[PDB]
């Protein structure tokens, strides 16, 4: 199959947001494959993080090479496609629950020169990604309810990851929510190959070591597939 082999994308929300450029560089210097940037508009989820203006500053600072995956937890994803492309995002991961026209939105993301991610919240059945799997670059199975503080990793989401992996062997599948050295085993064995992790990396004196561990656990499961 053509699934990408394991990628680790640190989430930066638990980083020092007052020094976000330096934090990102630290993640990339520790071996991050991509940067997972969580954008929340206070409507789709009960929190407000940052929008395309922060993204543009980050792009000016880091240059063109680093890959930015925008996790768009916003209620009108159609509205931010162009501003994010102009800001320099590489991938636009929108929520199935935030539009009535996913098809048109996928076309617009592509028309704007970005890769397409499609995410689903815990209550949304995995079956609803099926008609879109072959038309996207990456699927995101969330493993916490977004926008809430201090949510435990949800083991009962793994059947969604396994079902996606079984039906679409070449789809890139991301997990996002409480993923760390302990929960990554379950995510990898279930089929996920794109790992988002935040506090487990940000709490460490040695983020390179934590990213290595995540990638290595992910790989050992992927080589068995």
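Positions refer to the first chain, counted from 1.
Asks: Tell me which stretch has the larger mean Cα B-factor in this entry, 156 to 164 or 171 to 179.
Replies: Result of the comparison: 156 to 164.
Asks: Select between 4 to 12 and 216 to 224 the stretch whose C-alpha atoms have the higher average B-factor in the entry.
Replies: The stretch with the larger average C-alpha B-factor is 216 to 224.
Asks: Highest Cα B-factor in the deposition, which of 140, 130, 84, 114?
Replies: Most elevated C-alpha B-factor of the set, per the entry: 130.
Asks: By the recorded C-alpha temperature factor, relative to the other modelled residues in its chain, which third is residue 64 in?
Replies: Highest third - that is where residue 64 ends up once the chain's C-alpha B-factors are sorted.
Asks: Taking the C-alpha B-factors as the PDB entry records them, is residue 73 in the lowest, middle or highest third of its chain?
Replies: Bottom third by C-alpha B-factor.
Asks: When the deposited Cα B-factors of this chain's modelled residues are ordered and cut into thirds, is residue 26 in the lowest, the middle or the highest one?
Replies: Middle third, going by the recorded CA B-factors of the chain.
Asks: Per the entry's values, where does residue 93 land by CA temperature factor relative to the rest of its chain, in the lowest, middle or highest third?
Replies: For residue 93, whose C-alpha B-factor we compare with every modelled residue in the chain, the answer is the lowest third.
Asks: Can you tell me which third, lowest, middle or highest, the CA B-factor of residue 56 falls into for its chain?
Replies: According to the entry, residue 56 has a C-alpha B-factor in the chain's middle third.
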